[PDB]
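One chain comes next, on its own, written as structure tokens: the form deposited in one PDB entry.
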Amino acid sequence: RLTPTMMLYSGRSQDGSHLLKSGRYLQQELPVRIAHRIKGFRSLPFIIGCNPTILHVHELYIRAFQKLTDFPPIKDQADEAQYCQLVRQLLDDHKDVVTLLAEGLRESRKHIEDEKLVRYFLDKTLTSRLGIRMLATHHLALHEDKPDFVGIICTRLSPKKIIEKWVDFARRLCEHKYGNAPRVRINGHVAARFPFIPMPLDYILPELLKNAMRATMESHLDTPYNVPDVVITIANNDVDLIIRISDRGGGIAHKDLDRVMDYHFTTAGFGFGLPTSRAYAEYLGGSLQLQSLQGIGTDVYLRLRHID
């Protein structure tokens, strides 16, 4: 089973030798990908790269490269176990990176000449980071013995169930802010189950659901106690999984339409939900498409390729 330019190992050897193979693989893969991202930071427009917060993330990436390269060759389970400590630390050290980049770039990007430069930098940086985090988490998860998982790969993911999980989460945030939340109905292939990697859905779904719920409440300020449902349709075929999220939140206005996919743009939480979700979907071989019915609502279509 694989993803773009990387593979997620589904080993299961008794002596635990698959952990050594996995670890050695990480050590030959992660430093290269970190190095590529450091180059990304090096080539940022000077005035952006000088931003203290951007510099901090840059330094963090240098540190990560240094720590991995300083780690001795993995020869035994004792080494592998310490390697896992390093991986856990880095995952934790880097958990706020998306937020730091958003902040650092927010002001600094208003300065430079080329406007698609930041978009390209963020698309490339955030997707490479997702890949890095997936590989690292997969390696850790190989030690686990949860049913239905091989590392971070779920062998029988139910899209309805993971959708429901994020629905409950988004409904709670929405209720806290507006005193109510749209109900969500789910239809189509509600009983589908198939091998799949949850992690990208764990980012994308709450972003799209928050969007749809905010849009619904903000357009029904007179009747917060009675708002139209959000309707989610699951289509599962041999090629891809499609999740359509349809709201009656009034639509994306014509004057806003060409901006909603830009990092930082927002009508309101830092305006990253849509461009990030799209970059993730595309990184994984899928896509994220919007259909705006101005005056009525929006349909968002998430497509993710099935596992090979």
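Position 1 is the first residue in the sequence shown; the rest follow in order.
Of the other structures of this protein that model both sides of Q66, every one gives it coordinates; not a third omit it. Note: missing coordinates for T266 occur in a third or more of the other compared entries bracketing this position. Per the record, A268 and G269 are separated by 10 or more deposited residues that are missing from the model. Taking the PDB entry as given, 6-14 carries the higher mean Cα B factor of the two stretches 6-14 and 290-298. According to the PDB record, 113-121 carries the higher mean C-alpha B-factor of the two stretches 186-194 and 113-121. Of the candidates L90, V98, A81, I204, the one whose C-alpha carries the top B factor in the deposited record is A81. Among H94, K146, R133, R171, the highest C-alpha B-factor recorded in the PDB entry belongs to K146. When the modelled residues of the chain are ordered by their C-alpha B factor, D247 lands in the lowest third. Ranked by Cα temperature factor within the chain, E175 sits in the highest third according to the deposited record.
Split the chain's modelled residues into thirds by C-alpha temperature factor. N211 is in the lowest one. Among the modelled residues of its chain, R1 has a C-alpha B-factor that falls in the highest third according to the deposited record. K255: CA B factor lies in the highest third for its chain, per the PDB record.
Not on display, but discussed next: the form deposited in another entry.
Cα-Cα spacing of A192 to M6 is reduced in that other deposited form versus the present form (difference of at least 3 Å). One change in that other deposited form concerns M6 and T155, whose Cα atoms lie at least 3 Å closer than in this form.
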